[PDB]
$ cat query_28.cif   # mmCIF, N, CA and C atoms
data_final
loop_
_atom_site.label_atom_id
_atom_site.label_comp_id
_atom_site.auth_asym_id
_atom_site.auth_seq_id
_atom_site.Cartn_x
_atom_site.Cartn_y
_atom_site.Cartn_z
N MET A 647 13.65 78.42 20.03
CA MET A 647 13.02 79.76 19.90
C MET A 647 11.98 79.99 21.00
N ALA A 648 12.37 80.76 22.01
CA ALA A 648 11.48 81.05 23.13
C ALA A 648 10.71 82.34 22.89
N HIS A 649 11.03 83.02 21.79
CA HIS A 649 10.37 84.28 21.44
C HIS A 649 9.01 84.01 20.81
N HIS A 650 8.90 82.89 20.10
CA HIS A 650 7.65 82.52 19.44
C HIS A 650 7.38 81.03 19.57
N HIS A 651 6.11 80.67 19.70
CA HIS A 651 5.72 79.27 19.84
C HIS A 651 4.64 78.91 18.82
N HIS A 652 4.95 77.93 17.97
CA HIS A 652 4.00 77.48 16.95
C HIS A 652 3.25 76.24 17.41
N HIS A 653 1.98 76.14 17.00
CA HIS A 653 1.15 75.01 17.37
C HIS A 653 0.89 74.11 16.16
N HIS A 654 1.77 73.13 15.95
CA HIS A 654 1.63 72.21 14.83
C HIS A 654 0.55 71.17 15.11
N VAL A 655 -0.29 70.91 14.10
CA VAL A 655 -1.37 69.95 14.23
C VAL A 655 -0.93 68.56 13.76
N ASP A 656 -1.43 67.53 14.44
CA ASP A 656 -1.09 66.15 14.09
C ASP A 656 -2.34 65.36 13.71
N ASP A 657 -2.17 64.06 13.50
CA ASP A 657 -3.28 63.19 13.13
C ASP A 657 -4.20 62.94 14.32
N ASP A 658 -5.21 62.10 14.12
CA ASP A 658 -6.17 61.77 15.17
C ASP A 658 -6.84 63.02 15.72
N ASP A 659 -8.03 63.33 15.20
CA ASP A 659 -8.79 64.50 15.63
C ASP A 659 -8.01 65.79 15.40
N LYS A 660 -8.40 66.53 14.36
CA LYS A 660 -7.73 67.79 14.04
C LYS A 660 -7.81 68.76 15.21
N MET A 661 -6.72 69.50 15.43
CA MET A 661 -6.67 70.47 16.52
C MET A 661 -7.01 71.87 16.02
N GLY A 662 -7.02 72.03 14.70
CA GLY A 662 -7.33 73.32 14.12
C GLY A 662 -7.10 73.35 12.62
N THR A 663 -8.18 73.44 11.85
CA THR A 663 -8.09 73.48 10.40
C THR A 663 -8.54 74.83 9.85
N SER A 664 -8.09 75.15 8.64
CA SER A 664 -8.45 76.40 8.00
C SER A 664 -9.79 76.29 7.28
N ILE A 665 -10.50 75.19 7.53
CA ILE A 665 -11.80 74.96 6.92
C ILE A 665 -12.82 74.47 7.94
N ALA A 666 -13.39 75.41 8.70
CA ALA A 666 -14.38 75.08 9.72
C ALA A 666 -13.79 74.16 10.78
N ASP A 667 -13.49 74.72 11.95
CA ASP A 667 -12.91 73.96 13.05
C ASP A 667 -13.89 72.92 13.57
N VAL A 668 -15.16 73.05 13.18
CA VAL A 668 -16.20 72.12 13.61
C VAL A 668 -16.69 71.27 12.44
N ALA A 669 -15.87 71.18 11.39
CA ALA A 669 -16.22 70.40 10.22
C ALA A 669 -14.97 70.04 9.41
N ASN A 670 -14.11 69.23 10.01
CA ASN A 670 -12.87 68.80 9.36
C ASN A 670 -12.68 67.29 9.50
N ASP A 671 -13.59 66.65 10.22
CA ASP A 671 -13.52 65.21 10.43
C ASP A 671 -14.29 64.46 9.35
N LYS A 672 -14.47 65.11 8.20
CA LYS A 672 -15.19 64.50 7.09
C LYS A 672 -14.39 63.33 6.50
N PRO A 673 -15.07 62.22 6.15
CA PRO A 673 -14.41 61.04 5.58
C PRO A 673 -14.12 61.20 4.09
N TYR A 674 -14.24 62.42 3.60
CA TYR A 674 -13.99 62.71 2.19
C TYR A 674 -13.24 64.03 2.02
N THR A 675 -12.90 64.36 0.78
CA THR A 675 -12.18 65.59 0.49
C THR A 675 -12.54 66.11 -0.90
N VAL A 676 -13.28 67.21 -0.95
CA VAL A 676 -13.68 67.81 -2.21
C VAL A 676 -12.76 68.97 -2.60
N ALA A 677 -12.41 69.03 -3.88
CA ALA A 677 -11.54 70.09 -4.37
C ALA A 677 -11.79 70.36 -5.85
N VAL A 678 -12.05 71.63 -6.17
CA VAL A 678 -12.31 72.03 -7.55
C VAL A 678 -11.27 73.05 -8.01
N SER A 679 -10.77 72.87 -9.23
CA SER A 679 -9.77 73.78 -9.79
C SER A 679 -10.10 74.14 -11.24
N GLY A 680 -10.85 75.22 -11.42
CA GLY A 680 -11.21 75.65 -12.75
C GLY A 680 -12.21 74.72 -13.42
N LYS A 681 -11.70 73.81 -14.23
CA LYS A 681 -12.56 72.85 -14.94
C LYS A 681 -12.23 71.42 -14.53
N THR A 682 -11.47 71.28 -13.45
CA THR A 682 -11.08 69.97 -12.95
C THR A 682 -11.83 69.62 -11.66
N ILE A 683 -12.43 68.43 -11.64
CA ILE A 683 -13.18 67.98 -10.48
C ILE A 683 -12.46 66.82 -9.79
N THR A 684 -11.89 67.09 -8.63
CA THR A 684 -11.16 66.07 -7.88
C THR A 684 -11.86 65.75 -6.56
N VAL A 685 -12.10 64.47 -6.32
CA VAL A 685 -12.76 64.02 -5.09
C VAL A 685 -12.07 62.79 -4.53
N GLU A 686 -11.48 62.92 -3.34
CA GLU A 686 -10.78 61.82 -2.70
C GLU A 686 -11.54 61.34 -1.47
N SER A 687 -11.76 60.03 -1.39
CA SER A 687 -12.47 59.43 -0.26
C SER A 687 -12.05 57.97 -0.08
N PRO A 688 -11.07 57.70 0.81
CA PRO A 688 -10.58 56.34 1.06
C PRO A 688 -11.70 55.32 1.20
N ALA A 689 -11.73 54.36 0.28
CA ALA A 689 -12.74 53.31 0.29
C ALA A 689 -14.15 53.90 0.23
N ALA A 690 -14.58 54.29 -0.96
CA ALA A 690 -15.90 54.87 -1.15
C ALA A 690 -16.29 54.90 -2.63
N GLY A 691 -17.56 54.66 -2.90
CA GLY A 691 -18.04 54.67 -4.27
C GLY A 691 -18.46 56.05 -4.73
N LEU A 692 -17.76 56.58 -5.73
CA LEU A 692 -18.05 57.91 -6.25
C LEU A 692 -18.79 57.83 -7.58
N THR A 693 -19.76 58.72 -7.76
CA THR A 693 -20.55 58.77 -8.99
C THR A 693 -20.99 60.20 -9.29
N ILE A 694 -20.41 60.79 -10.33
CA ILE A 694 -20.74 62.15 -10.72
C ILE A 694 -21.96 62.20 -11.63
N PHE A 695 -22.85 63.16 -11.37
CA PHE A 695 -24.06 63.32 -12.16
C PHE A 695 -24.12 64.72 -12.77
N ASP A 696 -24.43 64.78 -14.06
CA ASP A 696 -24.52 66.05 -14.77
C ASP A 696 -25.75 66.83 -14.31
N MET A 697 -26.06 67.93 -14.98
CA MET A 697 -27.21 68.76 -14.63
C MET A 697 -28.50 67.94 -14.66
N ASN A 698 -28.65 67.11 -15.69
CA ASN A 698 -29.84 66.28 -15.84
C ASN A 698 -29.82 65.11 -14.86
N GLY A 699 -28.82 65.08 -13.99
CA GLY A 699 -28.70 64.02 -13.01
C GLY A 699 -28.36 62.68 -13.65
N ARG A 700 -27.87 62.73 -14.88
CA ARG A 700 -27.50 61.52 -15.61
C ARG A 700 -26.04 61.14 -15.34
N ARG A 701 -25.80 59.85 -15.19
CA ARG A 701 -24.45 59.35 -14.93
C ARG A 701 -23.49 59.78 -16.04
N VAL A 702 -22.57 60.68 -15.70
CA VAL A 702 -21.60 61.18 -16.67
C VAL A 702 -20.21 60.62 -16.42
N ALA A 703 -19.91 60.31 -15.16
CA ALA A 703 -18.60 59.76 -14.80
C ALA A 703 -18.70 58.89 -13.55
N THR A 704 -17.85 57.87 -13.47
CA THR A 704 -17.85 56.96 -12.33
C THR A 704 -16.44 56.52 -11.97
N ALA A 705 -16.15 56.52 -10.67
CA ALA A 705 -14.84 56.11 -10.18
C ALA A 705 -14.91 55.73 -8.70
N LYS A 706 -13.79 55.26 -8.16
CA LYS A 706 -13.73 54.86 -6.76
C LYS A 706 -12.53 55.49 -6.07
N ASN A 707 -12.68 55.79 -4.78
CA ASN A 707 -11.62 56.39 -3.99
C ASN A 707 -11.26 57.78 -4.52
N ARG A 708 -10.42 57.81 -5.55
CA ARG A 708 -10.00 59.07 -6.16
C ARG A 708 -10.56 59.21 -7.57
N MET A 709 -10.98 60.42 -7.92
CA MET A 709 -11.54 60.68 -9.25
C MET A 709 -11.07 62.03 -9.79
N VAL A 710 -10.89 62.09 -11.11
CA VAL A 710 -10.46 63.31 -11.77
C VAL A 710 -11.04 63.39 -13.18
N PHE A 711 -11.87 64.40 -13.42
CA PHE A 711 -12.50 64.59 -14.72
C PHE A 711 -12.57 66.07 -15.08
N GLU A 712 -12.28 66.38 -16.34
CA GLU A 712 -12.32 67.76 -16.82
C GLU A 712 -13.70 68.10 -17.37
N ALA A 713 -14.51 68.78 -16.56
CA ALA A 713 -15.85 69.16 -16.97
C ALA A 713 -15.93 70.65 -17.30
N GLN A 714 -16.88 71.01 -18.15
CA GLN A 714 -17.07 72.40 -18.54
C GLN A 714 -18.19 73.05 -17.74
N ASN A 715 -18.57 74.26 -18.13
CA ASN A 715 -19.63 75.00 -17.44
C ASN A 715 -20.86 74.13 -17.24
N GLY A 716 -21.51 74.29 -16.09
CA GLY A 716 -22.70 73.51 -15.78
C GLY A 716 -22.71 73.01 -14.35
N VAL A 717 -23.89 72.66 -13.86
CA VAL A 717 -24.04 72.15 -12.50
C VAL A 717 -23.85 70.64 -12.46
N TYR A 718 -23.24 70.15 -11.38
CA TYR A 718 -23.00 68.73 -11.22
C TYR A 718 -23.39 68.26 -9.82
N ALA A 719 -23.32 66.95 -9.60
CA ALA A 719 -23.66 66.37 -8.31
C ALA A 719 -22.87 65.10 -8.05
N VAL A 720 -21.82 65.21 -7.24
CA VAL A 720 -20.99 64.06 -6.92
C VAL A 720 -21.49 63.36 -5.66
N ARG A 721 -21.89 62.10 -5.81
CA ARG A 721 -22.40 61.33 -4.69
C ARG A 721 -21.30 60.45 -4.09
N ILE A 722 -20.82 60.84 -2.91
CA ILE A 722 -19.77 60.09 -2.22
C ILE A 722 -20.38 59.14 -1.19
N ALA A 723 -20.49 57.87 -1.56
CA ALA A 723 -21.06 56.86 -0.67
C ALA A 723 -19.98 56.21 0.19
N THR A 724 -20.05 56.44 1.50
CA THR A 724 -19.09 55.87 2.43
C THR A 724 -19.77 54.91 3.39
N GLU A 725 -19.01 53.94 3.89
CA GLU A 725 -19.54 52.95 4.83
C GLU A 725 -20.05 53.62 6.10
N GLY A 726 -21.34 53.94 6.12
CA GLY A 726 -21.93 54.58 7.28
C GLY A 726 -22.95 55.63 6.90
N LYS A 727 -22.52 56.63 6.15
CA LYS A 727 -23.41 57.71 5.72
C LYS A 727 -23.08 58.15 4.30
N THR A 728 -24.06 58.05 3.40
CA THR A 728 -23.87 58.44 2.01
C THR A 728 -24.03 59.95 1.83
N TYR A 729 -22.95 60.62 1.45
CA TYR A 729 -22.97 62.06 1.24
C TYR A 729 -23.25 62.39 -0.22
N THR A 730 -23.82 63.57 -0.46
CA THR A 730 -24.13 64.00 -1.82
C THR A 730 -23.75 65.47 -2.03
N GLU A 731 -22.60 65.69 -2.65
CA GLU A 731 -22.12 67.04 -2.92
C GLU A 731 -22.42 67.45 -4.36
N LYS A 732 -22.25 68.73 -4.66
CA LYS A 732 -22.50 69.24 -6.00
C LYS A 732 -21.38 70.18 -6.45
N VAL A 733 -20.99 70.07 -7.71
CA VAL A 733 -19.93 70.92 -8.25
C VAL A 733 -20.49 71.93 -9.24
N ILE A 734 -20.48 73.20 -8.83
CA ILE A 734 -20.99 74.28 -9.68
C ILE A 734 -19.85 75.08 -10.30
N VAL A 735 -19.57 74.81 -11.57
CA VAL A 735 -18.50 75.51 -12.28
C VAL A 735 -19.07 76.59 -13.19
N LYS A 736 -18.54 77.81 -13.04
CA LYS A 736 -19.00 78.94 -13.85
C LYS A 736 -17.82 79.64 -14.51
#

$ encode --input "query_28.cif" --output "structure tokens"
Amino acid sequence: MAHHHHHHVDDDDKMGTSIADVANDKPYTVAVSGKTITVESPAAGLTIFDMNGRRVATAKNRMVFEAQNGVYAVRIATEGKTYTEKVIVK
């Protein structure tokens, strides 16, 4: 097809993502779906904290928990820099 040319992206340094072209090299992956909290991070200690910051759930690498309304705080600790995200479900 010489009429159109597509630019497919490969591994090793993203060439273009639909989520901030200057913020896709993150060593983790956060995803929320309604009342489901999914966090994937190859080799990393995950620990979810409820509104009161109390340990409500704990897992490693991949995690999946059905939480209800309320603010949360998922701490993704990776070898190098410990990140701290929050899940706000309304």

$ residues_around --input "query_28.cif" --residues "stretch 696-701 of chain A" --least-positions-apart "5" --cutoff "6.5 Å" --atoms "only N, CA and C atoms" --output "compact mmCIF listing (two decimals) with N, CA and C atoms, in the frame of the given file"
# COMPACT_ATOMS: atom_id res chain seq x y z
N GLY A 716 -21.51 74.29 -16.09
CA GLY A 716 -22.70 73.51 -15.78
C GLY A 716 -22.71 73.01 -14.35
N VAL A 717 -23.89 72.66 -13.86
CA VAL A 717 -24.04 72.15 -12.50
C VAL A 717 -23.85 70.64 -12.46
N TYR A 718 -23.24 70.15 -11.38
CA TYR A 718 -23.00 68.73 -11.22
C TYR A 718 -23.39 68.26 -9.82
N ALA A 719 -23.32 66.95 -9.60
CA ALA A 719 -23.66 66.37 -8.31
C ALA A 719 -22.87 65.10 -8.05

$ closest_residue --input "query_28.cif" --among "A:672, A:720, A:682, A:709" --to "residue A:695" --atoms "all atoms listed in the file"
A:720

$ atom_distance --input "query_28.cif" --atom1 "atom C of residue A:730" --atom2 "atom N of residue A:655"
29.0 Å

$ closest_residue --input "query_28.cif" --among "A:685, A:677, A:666, A:648" --to "residue A:721" --atoms "only C-alpha atoms"
A:685

$ select_by_dssp --input "query_28.cif" --residues "chain A" --states "strand (DSSP E)" --output "VMD selection string"
chain A and resid 675 to 679 682 to 695 701 to 712 716 to 717 719 to 724 728 to 731 734 to 735

$ atom_distance --input "query_28.cif" --atom1 "atom CA of residue A:681" --atom2 "atom CA of residue A:715"
7.8 Å

$ closest_residue --input "query_28.cif" --among "A:668, A:733, A:722, A:713" --to "residue A:687" --atoms "all atoms listed in the file"
A:722

$ atom_distance --input "query_28.cif" --atom1 "atom C of residue A:688" --atom2 "atom N of residue A:664"
21.5 Å
